[PDB]
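Chains as they are written, first to last, in PDB author numbering: chain A, 1128 to 1224; chain B, 109 to 215; chain C, 72 to 155; chain D, 1 to 171; chain E, 1342 to 1453; chain F, 3 to 559; chain G, 3 to 76, 118 to 221; chain H, 840 to 1080, 1092 to 1118.
Virtual Cβ for every residue (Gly too), placed ideally from N, Cα, C.
The block underneath contains the structure these notes are about, expressed in structure tokens.
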Amino acid sequence: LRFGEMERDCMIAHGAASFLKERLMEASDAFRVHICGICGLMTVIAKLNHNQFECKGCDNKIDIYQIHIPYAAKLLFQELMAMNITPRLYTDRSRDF
Amino acid sequence: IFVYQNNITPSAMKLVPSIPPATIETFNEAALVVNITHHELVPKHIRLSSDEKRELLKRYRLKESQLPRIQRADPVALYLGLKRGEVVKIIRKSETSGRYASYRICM
Amino acid sequence: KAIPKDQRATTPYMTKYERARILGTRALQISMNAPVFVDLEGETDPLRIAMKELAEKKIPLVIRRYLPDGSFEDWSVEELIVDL
Amino acid sequence: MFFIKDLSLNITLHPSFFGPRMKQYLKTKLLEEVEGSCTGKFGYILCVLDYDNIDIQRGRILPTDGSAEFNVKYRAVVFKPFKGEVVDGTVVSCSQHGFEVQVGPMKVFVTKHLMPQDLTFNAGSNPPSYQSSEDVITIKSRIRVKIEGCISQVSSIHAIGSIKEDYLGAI
Amino acid sequence: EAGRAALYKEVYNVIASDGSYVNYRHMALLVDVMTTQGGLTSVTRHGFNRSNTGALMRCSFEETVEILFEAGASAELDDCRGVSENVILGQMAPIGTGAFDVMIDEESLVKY
Amino acid sequence: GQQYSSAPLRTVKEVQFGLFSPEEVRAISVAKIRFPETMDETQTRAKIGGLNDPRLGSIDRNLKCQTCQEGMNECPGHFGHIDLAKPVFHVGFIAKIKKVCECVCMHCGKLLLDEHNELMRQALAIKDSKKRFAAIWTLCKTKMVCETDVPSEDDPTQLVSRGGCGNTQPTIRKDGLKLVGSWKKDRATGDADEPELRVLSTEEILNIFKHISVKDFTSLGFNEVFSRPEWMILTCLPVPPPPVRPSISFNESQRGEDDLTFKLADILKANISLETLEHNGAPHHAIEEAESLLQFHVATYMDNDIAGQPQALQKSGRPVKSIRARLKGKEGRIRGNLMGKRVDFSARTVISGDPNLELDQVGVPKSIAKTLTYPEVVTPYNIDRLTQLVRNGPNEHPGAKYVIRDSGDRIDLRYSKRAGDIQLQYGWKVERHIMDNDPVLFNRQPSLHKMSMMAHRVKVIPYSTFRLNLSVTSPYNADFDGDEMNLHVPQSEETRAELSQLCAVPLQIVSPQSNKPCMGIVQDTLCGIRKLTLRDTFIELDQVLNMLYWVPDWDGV
Amino acid sequence: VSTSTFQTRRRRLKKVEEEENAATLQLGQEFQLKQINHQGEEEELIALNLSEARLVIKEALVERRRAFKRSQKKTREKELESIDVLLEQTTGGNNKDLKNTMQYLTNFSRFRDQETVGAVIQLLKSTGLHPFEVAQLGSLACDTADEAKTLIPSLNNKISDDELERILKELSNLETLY
Amino acid sequence: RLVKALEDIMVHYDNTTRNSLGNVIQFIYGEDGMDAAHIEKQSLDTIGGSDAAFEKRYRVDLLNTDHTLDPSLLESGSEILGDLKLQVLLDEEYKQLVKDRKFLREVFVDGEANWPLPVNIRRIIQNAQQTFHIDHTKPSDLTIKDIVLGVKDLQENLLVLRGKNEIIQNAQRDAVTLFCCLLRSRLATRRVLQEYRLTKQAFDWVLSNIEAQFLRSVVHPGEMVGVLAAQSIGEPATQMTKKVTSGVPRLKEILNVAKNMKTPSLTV
DNA sequence: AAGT
RNA sequence: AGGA
DNA sequence: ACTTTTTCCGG
Ligand SMILES: [Mg+2]
Ligand SMILES: [Zn+2]
Ligand SMILES: [Zn+2]
Ligand SMILES: [Zn+2]
């Protein structure tokens, strides 16, 4: 069924942060990716079996994180990259405030 | 403050900033005929000191950005001769609380 | 940066959201076979257990209340007043 | 060499462990991973110092899974070898290609070519030996090697070394 | 400041015209938002949506691709403080339940 | 179901936007991407080492990915690349390219105005990157000459050399995908009368963009690390993996490749003609012809809906779907796949009013309760009940559909040869049916209210309609004239607390929208309540006694 | 999950140079002279001369046996047997590295007593050399200043030959006669 | 648009109303820091009436044989007559009541007394009456200090903002101004004694209840106020069906900040 | 039906 | 093409 | 001269 923009709004209205998260992840889309800690892209050639990680390009076999985002977001990010835009995702912050 | 009737020529206006730290204000006489500050809709604006603004920012844990703004060209910002960076404390009446105090930094 | 207990300025009372997230969190843990901090006087629902744990302010959780600047006030479910 | 490095491991505990023996279970789970561990970044983590004063900190409860994540701030004895580092070690293995040397937790192998020319491989000995005009390098023999280069291999660091230069070799 | 009071009066009147009543605070907030900028900021594609909030938050309304194209060309950095950015990332938004954090204290545990 | 990964799990704190450097595309790339042919190694059903899986993602479903050994649901896509024969503008940047040419010298690559001009040093002060560019452009756009020497920051008699080159700046105007300039000239002080009209090459704009100083481009919108201006001109095109452009492979022997796959093929096709054309005996006009066509495809692939009207169309008349078009609002990635989503554990049916239901309860038809499933963890408190439901099977009401072990494997109670003999273990989840008094989120679309989505207690009932108390009619705005409603079921003991403790119907009674109760006594009950309370209205013992018993919380007095 | 440290360098996209490590006393990014302890204070690098390192682990593991037996309430060849017993007690046994290390140290140590290791640490930490040179001087037994300066080629001009040779003499006296 | 415009706005842990940039929209939610659910339309009695009737109501003159409180009102009645020290308190009291009357007459220009405010005092007092079985025949055990100081003390505890600094403390006094206005009017010495007839216990109970009910009424740091407001305007808009442009299209004109308006007018 |  |  | 939104859900 549909859990659209309007229903998102009401959920934000109630303050049901986890309910919404769950509605958009567990209840639907939810996917797991491996991202490079240097260039926040889905570049990582995770052979999660032999415990081998890597990101040729960065020569990074160490600084690699696991993340849970909706599959459509993995998609969006790949589509943005498809059009030369880099939506670099980082697990830490620099800006503060 | 220069109070002119119809205009101040573009030649003359080019000399307004030329004398620092002193400051000059142009004011069309015809505007001043009525005081805007006396109007129903216009609340009390109060210019803050460098120490008062330093405190407002400390007390509400704000960066200058994070404040509601008042335009340098604002009728009240002109009336009070607000320079960019100066903050006004706006004491308005509230149908809710009786008295609510807003703040506006000058852009 | 972390605000010291003596310098805290938030509600001494617990938010509607704090209470709802504590009961959810304890219910999830009690249901995940966590150690229960009170006599379950016939109790079998992890929410009802969590509600009882909270009733006797026997929940070992701590609310980290964040401020717009990043600074925060740590408040215990023990110290938070549940008027609500 | 051999360092005392201040490190920190993020451990993620299941709710069933939220009993008094929690700081206890965490400390043990740390040693489980960290102790004996090997990185290229810090080398062989060998022994965790000051068990009693390990800093557990507050564990943050993770959104939809009841588990709590703690950053465990701790201090340990590490061993990270470098090129140019001169190490004393006992021989382990020996072949026509050269010999391996046990230096603490790591094995450093010396090529026949990274050895003086005079010392030659004597296949006909129990166990295999390297024989100089004066010296004899065999399985149990003690050596002093200059580490020429390092390779970070998964759960270890292996190195290549020379006993060619002055003040190196049989001790 | 007068613009604010006018804009509210004007809004309130649209509501009370139909007969209906909305509590002050609600219209107050809308008015205050359009206003804090320093002037009248339209509740439109080129109004509020052209402010300094995170690229993804802004792209969730009206100019999407064009928004994201600029985001990349100027190397924008999304703070991820906004709701929209956490919905897009499948994260718990810093809203109600998520406006604070929950931790266990080992001390208050070994106590009970 | 996704597998365990030893990789530290974190949340995304920041999204740092930027542009791909052609160097990065060639680095992150798992394959290059030379043959327009999809697969069929000369009709042989399997992927060619040319397009899709020359080490990319993976079609076939069975047969896992060559690179990340994982295969399908686990394997994200793997990006490739196409080294383009000549550079081409990225559609989206066509005017931020043009506007950058307008600010910089078209020969030396220096800002047409500097710290020497005062209006310029005023615009250079601006903190907002977007606004600072806005002001710098409106300033340098008029500057039609690169200045050799400019008056000193004091007197007009002594002039300071700001930087070399004097060359006249072209009057840049766009001609749908191409940038054509018109240099002012001189010839006996006048000319124009009739200037120099020549189209600016992609490669020349690039070489100038390369020469724009870090300080210079940095003064404009740009950033030296993530978005240098030279990167708006495409050199090395990234090849998106199959997960992005799926092969809708209906039956065995029949392709069904995506539009993006066809469009990328057209790019390759055009890129090869251009490459050979120039390497071979270059008939020049033929090159600027094959170049312009490559520019077209690379453009139309990202955005097909361009002002300069040729709308690239699939031979079917139907136009090719842009990457832009895919992301474009309401129904389309951001709005339709991310802000909104089709979800599981959701049910919908016709709604009907019930005066015997409680305010906060919702009548759930058996069929729906029997389908909707909550995952309960086997705990010492539940174990006994749970096994009885497991035993009860997916067919009878208080029953269960699946069992989930520590091993993470799903046990379908509908088919399992061990559906009878099933001994549960603590920590196992039992996917049990939606039972009475469970919290469920009940909504009636549109949903312009926080009160259009409220939490209720399930009441399993016969007959196919969602039954609901009549007083809750108003907040939802529902009538029973064929109106339908949605029901979402929380899966956590946590998401449940959120429903029960924040959005339950009784909490939602007195509304903040107008500081008054948003639910009252409607219709029949309202009408009867008047009739009942008139002074004229008296009731005999018989009935009084029934009316008293009818009140469930009666004192018995 | 793996281990992190006090060095929080934000390498934003700009990956490399991961410059070589040597006896140019140019060790890792991590193994730098200026470091930060738990507390946040700038502390100097702690390098240990194997014996300084033997006594550290010895202490650590011994005090660990204490804590384990507390919670459970409710001569070189002979030092090796003593050690190989404490490891079975305290460690997970799986640490084949520590068992190998403990034996290596127990054998290769120049200074047996804590009293002795103190005096070595005094004598050396007065020369102002990098903790690495100080460890290598206390670890490798040398006679000629030529020997030490050749084996620790970081020393080169950091000390007088006669001075290093005075230090080498006192190090030889401290050397516990096994 | 109303939603997408306001989404990111919520109340933070400093009662401040902020967006995703942490920029302040309102310094305190809805200018008072109260949850809209907890607010009810109450009458500010001090606002209107004859200046004469105001005096009849709130004035107590212990120095006058006719305007003192009769010993039928309280047990102190006899010993209270002529007490100069107490008359300083009743003057202080009456002087504030008059200050408030003139203040309210500034805020509410037309003299509208019906304003939505937290804590329904009418009911607190009504409930004290049945709870304590209030005898409208016998005199109260209240002191003038008990009543006057009692109200003063309650006021110190009607907390909205908590910080220990002048900026915050002044902001606090401000946000609470109007409620106190009503409270002082409903809890004036004569009003309490003559009208309500409350006893010490009943009074003490009425007080603690106001306090608690007030505290209860404050907004919850996390309240998604942005989306709430967006919807609380958005939904009523959906039910929409001199001659100036009104309803939906005038509202359309508004949000757009359209210069070319359909019905421009001046009211001179 | 509006607005760069 | 059709429901609210 | 030139662009973009418009309530929610069987083929
Ligand atoms: Mg209907
Ligand atoms: Zn990378
Ligand atoms: Zn793969
Ligand atoms: Zn030039």
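Just to confirm my understanding: we take residue i, look at its own chain, exclude 5 residues before and 5 after, and list those with CB closer than 6 Å. What are they?
i, result
"residue 1433 (chain E)", "1439"
"residue 871 (chain H)", "1014"
"residue 134 (chain D)", "none"
"residue 408 (chain F)", "429"
Can you name the residues of chain G whose CB is closer than 8 Å to the CB of residue i?
i, result
"residue 35 (chain D)", "134, 135, 138, 141"
"residue 227 (chain F)", "14, 15, 16"
Going along chain C, which residues have a C-beta under 7 Å from residue i?
i, result
"residue 162 (chain B)", "The contacting residues do not exist; residue 162 (chain B) stays about 16 Å from chain C at best."
Between which residues of its own chain and residue i is the CB-CB distance below 7 Å, once the five residues before and five after are set aside?
i, result
"residue 85 (chain F)", "34, 238"
To which residues of the same chain is residue i closer than 8 Å at the C-beta, ignoring the five residues directly before and after it?
i, result
"residue 188 (chain B)", "153, 155, 196"
"residue 1198 (chain A)", "1156, 1157, 1158"
"residue 68 (chain F)", "55, 57, 60"
"residue 10 (chain D)", "69, 70, 71, 72"
"residue 1422 (chain E)", "1395, 1435"
"residue 116 (chain D)", "132, 163, 164, 169"
By the criterion of Cβ-Cβ separation under 7 Å, what are the contact partners of residue i in chain D?
i, result
"residue 1451 (chain E)", "20"
What residues of chain B sit near residue i, judged by a beta carbon separation below 8 Å?
i, result
"residue 1377 (chain E)", "176, 177"
Under 7 Å Cβ-Cβ, which residues of chain E neighbour residue i?
i, result
"residue 215 (chain B)", "1379"
Could you work out which residues of chain C lie near residue i, taking near to mean beta carbons separated by less than 9 Å?
i, result
"residue 56 (chain D)", "The premise fails here: residue 56 (chain D) is roughly 14 Å from chain C at the closest Cβ pair, so nothing lies under 9 Å."
At 7 Å on the CB atoms, spell out the chain H contacts of residue i, in chain order.
i, result
"residue 1405 (chain E)", "What residue 1405 (chain E) touches in chain H: nothing, since even the nearest Cβ is about 12 Å away."
Using a cut-off of 9 Å between C-beta atoms, extract the partners of residue i located in chain F.
i, result
"residue 875 (chain H)", "513, 514, 515, 516, 517"
Inset, instruction - Quick one: which residues of the stretch 1053-1076 of chain H get their C-beta closer than 7 Å to a C-beta of chain F? List them in chain order. - result: 1067, 1070, 1071, 1073, 1074
Inset, instruction - Could you pull out every unbroken beta strand (DSSP E) segment of at least 3 residues lying fully inside the stretch 98-156 of chain D, listed in chain order? - result: 98-103, 106-111, 120-122, 129-131, 136-138, 142-153
Legend entry - Whole beta strand (DSSP E) elements within the stretch 445-494 of chain F, 3-residue minimum: 455-463, 468-470, 486-490
Inset, instruction - Could you run through the stretch 64-77 of chain D and flag, in chain order, every residue whose CB is less than 7 Å away from some CB of chain E? - result: 68
Legend entry - Any residue whose CB is nearer than 6 Å to a heavy atom belonging to ligand 1, listed in chain order: My final list is F:481, F:483, F:485.
Inset, instruction - Could you pull out every unbroken beta strand (DSSP E) segment of at least 3 residues lying fully inside the stretch 126-214 of chain F, listed in chain order? - result: 175-177, 180-185, 198-202
Inset, instruction - Could you tell me which uninterrupted beta strand (DSSP E) segments, each at least 3 residues in length, are contained entirely in the stretch 132-214 of chain B, listed from first to last along the chain? - result: 134-136, 152-155, 195-202, 206-214
Inset, instruction - Kindly provide the ranges of any alpha helix (DSSP H) runs that are 4 or more residues long and lie completely inside the stretch 370-417 of chain F, ordered along the chain. - result: 385-394
Legend entry - Every unbroken beta strand (DSSP E) inside the stretch 939-1017 of chain H [3 residues or more]: 953-957
Legend entry - Residues of the stretch 137-158 of chain B with Cβ closer than 7 Å to any Cβ of chain C, in chain order: Under the 7 Å Cβ criterion, the stretch 137-158 of chain B contributes no residue.
Inset, instruction - Return the residues of the stretch 985-1006 of chain H that lie within a Cβ-Cβ distance of less than 9 Å from chain A, sorted by chain order. - result: none
Legend entry - Secondary structure, alpha helix (DSSP H): runs of 4+ residues fully inside the stretch 861-907 of chain H: 890-897
Inset, instruction - Could you name the residues of the stretch 34-53 of chain D whose beta carbon sits closer than 9 Å to any beta carbon of chain A, in the order they occur along the chain? - result: 39, 40, 41
Legend entry - Residues whose Cβ lies closer than 5 Å to any heavy atom of ligand 4, in chain order: F:107, F:109, F:110, F:148, F:167
Legend entry - Heavy atoms of ligand 2 versus C-beta positions, residues under 7 Å: One residue after another in chain order, those with a Cβ under 7 Å from a heavy atom of ligand 2 are A:1163, A:1165, A:1166, A:1168, A:1170, A:1182, A:1184, A:1185, A:1187.
Legend entry - Residues, ordered as in the chain, of the stretch 935-963 of chain H that lie near chain F by beta-carbon distance below 8 Å: 955
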